[PDB]
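Worksheet: one structure, shown below.
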Amino acid sequence: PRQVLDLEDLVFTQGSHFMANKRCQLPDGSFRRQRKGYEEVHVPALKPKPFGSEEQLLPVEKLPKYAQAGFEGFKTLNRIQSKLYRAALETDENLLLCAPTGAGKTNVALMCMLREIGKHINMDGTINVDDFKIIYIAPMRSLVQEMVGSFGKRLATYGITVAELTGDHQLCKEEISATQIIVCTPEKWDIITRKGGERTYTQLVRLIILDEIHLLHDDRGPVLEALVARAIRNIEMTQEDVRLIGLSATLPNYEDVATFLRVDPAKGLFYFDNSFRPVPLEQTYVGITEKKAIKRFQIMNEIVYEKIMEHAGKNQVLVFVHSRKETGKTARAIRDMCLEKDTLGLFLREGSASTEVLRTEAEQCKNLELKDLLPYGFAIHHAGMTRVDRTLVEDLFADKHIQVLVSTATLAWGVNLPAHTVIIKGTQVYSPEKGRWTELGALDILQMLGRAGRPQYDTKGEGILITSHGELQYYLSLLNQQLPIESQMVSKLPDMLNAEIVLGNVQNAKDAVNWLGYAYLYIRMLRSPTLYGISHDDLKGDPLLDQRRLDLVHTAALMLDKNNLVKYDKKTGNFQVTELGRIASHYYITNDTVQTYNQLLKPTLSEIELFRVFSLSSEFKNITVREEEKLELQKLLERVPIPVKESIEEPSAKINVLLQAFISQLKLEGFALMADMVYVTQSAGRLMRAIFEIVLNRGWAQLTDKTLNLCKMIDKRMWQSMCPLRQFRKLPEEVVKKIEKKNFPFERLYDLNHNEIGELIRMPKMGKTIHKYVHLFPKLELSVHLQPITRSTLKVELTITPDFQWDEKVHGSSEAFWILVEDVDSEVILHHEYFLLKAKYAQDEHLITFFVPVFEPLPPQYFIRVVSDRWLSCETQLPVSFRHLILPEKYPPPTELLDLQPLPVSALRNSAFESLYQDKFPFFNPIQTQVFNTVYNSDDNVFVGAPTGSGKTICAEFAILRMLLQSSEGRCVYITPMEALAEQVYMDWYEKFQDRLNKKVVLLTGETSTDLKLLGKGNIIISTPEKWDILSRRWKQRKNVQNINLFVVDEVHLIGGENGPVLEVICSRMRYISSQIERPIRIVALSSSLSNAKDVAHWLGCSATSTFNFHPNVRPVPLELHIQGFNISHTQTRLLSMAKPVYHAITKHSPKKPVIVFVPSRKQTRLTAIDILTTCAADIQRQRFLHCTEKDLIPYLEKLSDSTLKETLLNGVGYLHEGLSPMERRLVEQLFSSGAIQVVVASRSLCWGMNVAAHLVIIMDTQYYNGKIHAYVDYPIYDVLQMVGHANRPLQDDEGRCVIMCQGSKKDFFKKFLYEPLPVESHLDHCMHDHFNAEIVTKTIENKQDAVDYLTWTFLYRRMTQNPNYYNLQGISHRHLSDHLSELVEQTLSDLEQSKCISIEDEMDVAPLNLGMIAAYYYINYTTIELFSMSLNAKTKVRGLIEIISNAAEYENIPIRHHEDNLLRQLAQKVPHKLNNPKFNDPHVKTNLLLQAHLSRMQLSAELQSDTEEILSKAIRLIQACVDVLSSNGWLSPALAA
Amino acid sequence: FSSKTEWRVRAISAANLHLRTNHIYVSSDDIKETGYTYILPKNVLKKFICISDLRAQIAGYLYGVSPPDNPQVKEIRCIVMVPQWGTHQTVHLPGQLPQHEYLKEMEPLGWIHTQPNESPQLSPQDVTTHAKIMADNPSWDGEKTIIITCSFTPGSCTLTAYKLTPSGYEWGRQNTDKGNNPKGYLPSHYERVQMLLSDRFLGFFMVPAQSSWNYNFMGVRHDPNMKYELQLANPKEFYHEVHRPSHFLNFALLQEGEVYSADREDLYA
């Protein structure tokens, strides 16, 4: 069905100049006459339409009050504004106002912004700035820059920030976040949308005002086409309405424009033809007819002189030219012609005041050319002359002293000084983009003629247009409402299709056609098929034009696939984004250019080939080297440093030399040559950034360094061999060149004193400034610490320390660096990553942890570089050296899952035992089949390493059954690292054992009083490592802790995590007890597949014939893992961009099966649920995730409290977070398990406490914001493994699919660590003190030799022989091991003695002290009790004792998230006690605030109460410690207060 | 040298040096079979070839060790590049020998230098330079140090190893003529020693700290007695920007510029 079209044939070659109406009818009084070598056509000043019988200029005292303050000094409104103020203020309806240029469209735009602003009034205040944003799209940059000032002045009363969109992507996003009224060009807004920087505030963008929308005819028209299509499609899909205001010129097809804007022909459509122009203009046209350009130019000069003479003594003249030099050239020319003819005085007659003012200002003038003209009535105005001088000219003209301003279009655009008469001279401009002399565009012509007639002084404008005869018709049609607007989207359709695909809006040809329908092109093709290459036959064949749209989509996809920007299949019509396409869309590069780069770029390019490749870009395809400039090009060829392989007659050579000249800062002479220079430089910025991104992604270190240097060099207009002090634009070029002459490395200056540097440069006067600037220069310090993790992966903790004085004026809000880790040859990047240094976090260390692979031929070094992304020569390098690196031994192979037959339930022995396995499964999974003969039939300690969800609990149950068979009065203790998991297992085994086997199971809690009773009573003691350590710390006293028989430890692979050392110490203590207590405490360990399982087996007493380490590919249900990279450094932007991919993955992988999506935090859950539902609704498959019917939801939806949760569950989506009550959690879990709801969005912290398994597991953004360090720390691999293991449905699902969407930085880390088994290490060295003091008071440790012996039991000691470098060790030798053990133990003992928790005598014996006994008694941190004993005096009180408690080191882990500071600040002002110097980032002040809030029983947020409960959990033990320490001290009143 | 466009043509030629790095020939002839054997890592070899020039010779010190339980073979584990400027037939290295902490574990093994074209004998210049270095520095044992010559043959680099005999050492230490054919130079002064490549281990480079290595364009700034501190990094290219500051720095500034430049708004930025 699809057919390939000829896109370039379909396009309009003239673009902006293309003509659509073959005829051009002129008004009644529009005579014409052939004067001489030219034709003079006239058109009279249109008579204004008589005021309607019931229409008037209503004063500003009638519009709403909130809109009055925006109109300052304005008494009545123009006719147009008075007509449509009701539409622009009272309704949110899309508008299409067609008004003449210079009729006051900006005031209508202000009316619409005032409506959007009055929607937010903040009654007591003035405005709620941070709740809305308004986009104002104006076409020219100068126009944007002047609208910014105008609207800022107008709206200053509201405090609304009006800003232009400029700068790098980070600067633009910060600007958006900081401001409200975003003024921008179509290209700028399109590029920010493509890059996604505004994704965080598009929701708050409540209005877009497309000003001067006749740009749709221009080659820039596709930009507005894409903007409006995207805005409308987002409105329709996401349903968040955004109001479109189209301010357009009076031209045809405005009905189609309104259709394209979704504007009602009745309400939102108006038409104010040129009759309504506030200052009607008599427009005359002089079409020169001769066919020789020399005579054409001479006639042009004569005609401009004649027209100047026409109004010489009557009115002011604004002559418009194309070039800055041509400005002064023609101004001096006309001055000389009037001088020759003796008509010079007509302009400046004896107006003594005006003439003397002009003469004085001239004699004050610093511009020589303008000084030459100011004495007379002539003046020049171009951007290339001083700001002071151009404002001088502007104010002089406003004072009417000057009579003839010669200017280019920038004045007419960016400054509103309207003159009585305007004279456009020639209308021919050298376009480098087309590489030839072309014609003025409609937008520029309209703006330049808009100034014709000052509304204040002028009663009739006079616009002369001196053109060529053939082109006369084009401008006549443009200016007589006869230039119909026509889409140019066929020129750039592949680019827009690629942009949409990259943004993810369109995925397959169907969605692509759906988007294409909205575009303005669609309406044009529908209305007029012939003009767009379509036959009425085709139109009748496809009334909606679906076939033609599909053909266009097919052609665009074919181009994109051929250039490799998209992976397009002709079978299903689906699109897949390529990284090349991502870069192309983000940097607006053309598909031909990106293909050229993909074909040419190689790892081995040099700085000579780089320039050639850049020059060969298709963007310059039109640029052709002309002979007239060849001699100057040769001069530049001789002077440019980088040799040119090409021959100077190639356009590629031309671009090469032009770019080198720009960078070298040389000055050129030929106007066309400077035009080409400007064009190529402005293109080169983006082009070189794109090439740098390509090479960075492909991992070529040398070439990426070269290209980044070249990008920064172009930006800073300086070769990188220069003095880096030029980058400070405030410094004198003379002093920077003196420094350059005294050539020494820049770093030499840092160590010196300001006088020292001043005398080195021989500039003592500058010395202080140079010192300030050199110290302002950015600089970083790197400190690396590396630990081998396995034989093929290291871990590098890199600390970054700023070494410069931050200064907002030069640096700004942030500084961007690139961290590159590359191999010995520095030819392949192993790890590249961004790094943002925000101003808030300067002068402090930043940790950056990453995993870098190490290959077989162990290289001598790797290199880590940090290079600024903006500054030149701001680099720092550090060689990481593998000279003393000891790689752990390669781990042994897993115990292969021998192909045993399915183990039948009869294999078990006891009938009562089988009773609880009969009806659940008739056979045990192969893992249990294999492990049974070792667990049930054998007695030695057993290790079972199987992937999560492999039923390790059933093997543990076999062990319990074996113990019970040995004796019914045995005792099994089931240790589980997480309390939620402990609760789950307690329920499972209470239903399994106690209810059926009548065997007691007791779950210990944090109460030592009842824990002993439960242990002595029950037979299956569920415990957590800490709740059991509080018991085993006195195991000698507790016989119930001694006469155990079975010790089951659950997922010991959680030994190497936070709180893991507690589990490790209790397990090692049990091993030692067993060794001493005359009867082995047989141990059964369950884990995920562990690479280093042999060591743990040896530590725990296992045998090599009882170690069962399987592989992650041994799970009963196979797993399909998919990791999606999202290279978005910003975290919120990545989070919001992942939303649509979640829905796409749900559709692709599990369309009709359970899905669980794990989100980072407590707030992201609701947003993710709402977003998935919104996208499913945008697609026609609404409520598709509700496998049940709403009839079955009311009984459960009536139990919930969260109304939004009720809404999502009604639509078919549930969500879970800690803030929810257990009732709600269990209810949604029950619904999901039953299958009523398909999608469940759960918090990250909940991955452990979940009684549900789904077919599909999606993981979001595997990082979370730790506010203590204000950094996004990665997910622990234990938690991630738990999340992926939740994708375990044994019988319902043949496979389990899990998709993790993670940053490209962590992509490789997850790819590595999620497929292979999991190595585990010990972290006891850092949390050693607590348990060591506990054992000291228990008297297990009595001398440092016994301390070393005690350490010889810990799992730590085992790993200090296989992976020593992990523990700062330098050798596995006995000497090294003993020395490290002695150093560690001595350090810990010394620290404890300083805390006074122990006493060391003879430096060899340890004895307990009161602080140590109390800390071990109530399980407090030795540091916390030290702080308590020191801070607690005889005269403390509750007011201060609460503070002392809040300073306890048991609260350092209270979560500090984002948005948590402002409400904490609010809380600080209400609690009974005030806090001194409260830094709300501090967990201790936070904990004090929440303690006071709990005591005062005030209302708290759900998330804050979540942490309040955690605080109160340990608060009781902390205050008990307070009481006991004050008891020891002997302070009655403080003890009473405690 | 012409120094006007000859450097341009030579830079263009040097831009293609990486093609030579896959056609390497080792001259295994006249080897005495009795001395040490030497093993050169291909990564450092290829980097050295790439960073060189076709006309002006470059040279760098070799450092290496012996593998365990095999002292008659020597692995070259490091190459040091020092501030130098050379001509088409000699290299003017500084008197100071390399000194750094990492080098303290390796024993100097000689130097390696490029040659514009292959020759069948060790040149008087190379022998005299080797003898002078050995005499000045006691650590340079005359039985383990060697000279490695890389000759740019048509589309290839031919590597040959030479060892200095005691007679050649005396003649070099006494000689003072720097001409192409000094008196008393005989083919008995040198002998060929076995050298071979290896893909089994990787060596590294050491370049100066404060400055770069190539001074050919900054000839005046170089002195034989110049002192220099080393640094663990990788070398730049002969024609790198840093090595020819004159071409990039001798330009002029902008004064009253951009006044008559074209008007083109950068709409996208």
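By convention here, the chains of the structure tokens are called A, B, ... in the order presented, each chain's residues are numbered starting at 1, and ligands are numbered starting at 1 in the order presented.
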
Q.
Only residues of chain B matter here; which ones have an atom within 8 Å of chain A, counting only C-alpha atoms? Give them as a VMD selection string.
A. chain B and resid 8 11 to 12 15 18 43 200 to 204 210 to 211 232 to 234 241 to 242 245 247 to 249 251 to 254 257 to 269

Keeping only N, CA, C and O atoms, write those residues as a short mmCIF file (atom, residue, chain, number, x, y, z; two decimals), in the first residue's frame.
data_model
loop_
_atom_site.label_atom_id
_atom_site.label_comp_id
_atom_site.auth_asym_id
_atom_site.auth_seq_id
_atom_site.Cartn_x
_atom_site.Cartn_y
_atom_site.Cartn_z
N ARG B 8 54.10 22.56 6.43
CA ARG B 8 52.73 22.19 6.08
C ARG B 8 52.70 20.83 5.39
O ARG B 8 51.91 19.94 5.76
N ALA B 11 53.52 18.07 7.82
CA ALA B 11 52.40 17.77 8.71
C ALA B 11 51.35 16.93 8.01
O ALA B 11 50.82 15.96 8.58
N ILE B 12 51.04 17.27 6.76
CA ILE B 12 50.08 16.47 6.01
C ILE B 12 50.58 15.05 5.85
O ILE B 12 49.82 14.08 6.00
N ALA B 15 50.27 13.10 9.06
CA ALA B 15 48.91 12.75 9.42
C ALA B 15 48.55 11.32 9.04
O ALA B 15 47.54 10.81 9.52
N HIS B 18 49.80 6.49 10.96
CA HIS B 18 49.16 5.32 11.56
C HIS B 18 48.97 4.18 10.58
O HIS B 18 48.66 3.06 11.01
N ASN B 43 52.08 -1.76 21.82
CA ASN B 43 51.30 -0.55 22.05
C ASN B 43 52.20 0.68 22.10
O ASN B 43 51.95 1.68 21.41
N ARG B 200 51.72 -9.63 24.65
CA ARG B 200 51.31 -10.22 25.91
C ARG B 200 51.31 -9.24 27.08
O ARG B 200 50.66 -9.51 28.09
N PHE B 201 52.03 -8.12 26.96
CA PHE B 201 52.07 -7.13 28.02
C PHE B 201 52.09 -5.74 27.40
O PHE B 201 52.35 -5.58 26.21
N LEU B 202 51.80 -4.74 28.23
CA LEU B 202 51.71 -3.35 27.79
C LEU B 202 52.71 -2.50 28.55
O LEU B 202 52.84 -2.63 29.77
N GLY B 203 53.42 -1.63 27.83
CA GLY B 203 54.26 -0.62 28.43
C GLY B 203 53.57 0.73 28.42
O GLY B 203 52.49 0.92 27.87
N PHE B 204 54.23 1.70 29.05
CA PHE B 204 53.66 3.03 29.20
C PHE B 204 54.70 4.08 28.86
O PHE B 204 55.87 3.78 28.60
N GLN B 210 56.22 20.17 33.18
CA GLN B 210 55.85 21.56 32.94
C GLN B 210 55.63 21.86 31.46
O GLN B 210 54.81 22.71 31.12
N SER B 211 56.36 21.18 30.57
CA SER B 211 56.30 21.47 29.15
C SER B 211 56.01 20.20 28.36
O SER B 211 55.71 19.15 28.94
N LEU B 232 53.57 11.11 34.62
CA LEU B 232 52.98 9.91 34.03
C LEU B 232 51.81 10.33 33.15
O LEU B 232 50.74 10.69 33.65
N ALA B 233 52.02 10.30 31.84
CA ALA B 233 51.00 10.71 30.88
C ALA B 233 51.32 10.07 29.54
O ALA B 233 52.17 9.18 29.44
N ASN B 234 50.64 10.53 28.49
CA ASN B 234 50.88 10.05 27.14
C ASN B 234 51.37 11.19 26.25
O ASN B 234 50.99 12.35 26.45
N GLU B 241 49.26 21.31 18.57
CA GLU B 241 49.15 22.76 18.72
C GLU B 241 50.20 23.29 19.69
O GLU B 241 50.84 24.32 19.43
N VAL B 242 50.40 22.60 20.81
CA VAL B 242 51.30 23.10 21.84
C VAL B 242 52.73 23.18 21.32
O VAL B 242 53.51 24.03 21.77
N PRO B 245 53.71 26.94 18.95
CA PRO B 245 52.96 28.12 19.40
C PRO B 245 53.07 29.30 18.45
O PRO B 245 52.17 30.15 18.43
N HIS B 247 52.80 29.48 15.17
CA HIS B 247 51.76 29.50 14.14
C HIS B 247 50.43 29.98 14.70
O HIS B 247 49.65 30.62 13.98
N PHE B 248 50.15 29.70 15.97
CA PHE B 248 48.87 30.03 16.58
C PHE B 248 48.89 31.34 17.35
O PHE B 248 47.83 31.93 17.56
N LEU B 249 50.07 31.82 17.76
CA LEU B 249 50.17 32.97 18.64
C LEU B 249 50.66 34.23 17.95
O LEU B 249 50.47 35.32 18.50
N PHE B 251 49.50 35.84 15.57
CA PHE B 251 48.44 36.58 14.90
C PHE B 251 48.26 37.94 15.59
O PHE B 251 49.02 38.32 16.48
N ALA B 252 47.24 38.68 15.17
CA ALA B 252 46.91 39.98 15.74
C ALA B 252 45.52 39.92 16.36
O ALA B 252 44.79 38.94 16.21
N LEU B 253 45.15 41.00 17.05
CA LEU B 253 43.87 41.11 17.72
C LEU B 253 42.86 41.79 16.80
O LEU B 253 43.15 42.15 15.66
N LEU B 254 41.64 41.97 17.31
CA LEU B 254 40.58 42.66 16.60
C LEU B 254 40.42 44.06 17.16
O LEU B 254 40.25 44.23 18.37
N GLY B 257 36.76 45.83 14.70
CA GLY B 257 36.20 44.80 13.85
C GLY B 257 34.72 44.58 14.09
O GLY B 257 34.11 45.17 14.98
N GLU B 258 34.14 43.73 13.26
CA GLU B 258 32.72 43.40 13.31
C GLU B 258 31.84 44.64 13.12
O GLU B 258 30.65 44.61 13.45
N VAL B 259 32.41 45.72 12.59
CA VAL B 259 31.64 46.94 12.36
C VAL B 259 30.90 46.88 11.03
O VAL B 259 29.74 47.30 10.94
N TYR B 260 31.55 46.36 9.99
CA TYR B 260 30.94 46.19 8.68
C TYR B 260 30.63 44.73 8.38
O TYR B 260 30.46 44.35 7.22
N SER B 261 30.56 43.90 9.42
CA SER B 261 30.26 42.49 9.24
C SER B 261 28.79 42.32 8.85
O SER B 261 27.95 43.19 9.06
N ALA B 262 28.48 41.16 8.28
CA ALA B 262 27.13 40.85 7.84
C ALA B 262 26.19 40.73 9.04
O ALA B 262 26.63 40.43 10.15
N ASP B 263 24.91 40.99 8.80
CA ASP B 263 23.88 40.85 9.82
C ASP B 263 23.15 39.53 9.61
O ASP B 263 22.47 39.35 8.59
N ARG B 264 23.30 38.61 10.56
CA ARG B 264 22.60 37.33 10.52
C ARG B 264 22.31 36.92 11.95
O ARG B 264 23.24 36.62 12.71
N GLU B 265 21.04 36.90 12.32
CA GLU B 265 20.65 36.53 13.68
C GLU B 265 20.82 35.03 13.88
O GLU B 265 20.36 34.23 13.06
N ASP B 266 21.47 34.66 14.97
CA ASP B 266 21.57 33.25 15.36
C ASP B 266 20.26 32.88 16.04
O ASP B 266 20.10 33.01 17.26
N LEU B 267 19.30 32.43 15.23
CA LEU B 267 17.94 32.23 15.72
C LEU B 267 17.87 31.11 16.75
O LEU B 267 17.04 31.17 17.66
N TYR B 268 18.72 30.10 16.63
CA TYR B 268 18.62 28.92 17.48
C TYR B 268 19.32 29.10 18.82
O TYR B 268 19.15 28.25 19.70
N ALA B 269 20.08 30.17 19.00
CA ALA B 269 20.80 30.39 20.25
C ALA B 269 20.67 31.84 20.69
O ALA B 269 21.26 32.26 21.69
#

(Q) Using only C-alpha atoms, which protein or nucleic acid residues come within 9 Å of range 1116-1127 of chain A? Drop anything in the same chain fewer than 6 positions from it, and give the result as number ranges by chain. (A) A: 925-927, 949-950, 1134, 1137-1138, 1284, 1287-1291, 1293-1307, 1310-1311, 1314-1315

Q | Selection near residue 124 in chain B, 9 Å with only C-alpha atoms, sequence-local residues under 2 positions removed, as a ChimeraX atom specification | A | /B:122,126-129,172,178-182,185

(Q) Rounded to one decimal, what separation in Å do you get between CA of residue 1031 in chain A and CA of residue 948 in chain A? (A)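 Straight-line distance from CA of residue 1031 in chain A to CA of residue 948 in chain A works out to 29.0 Å.
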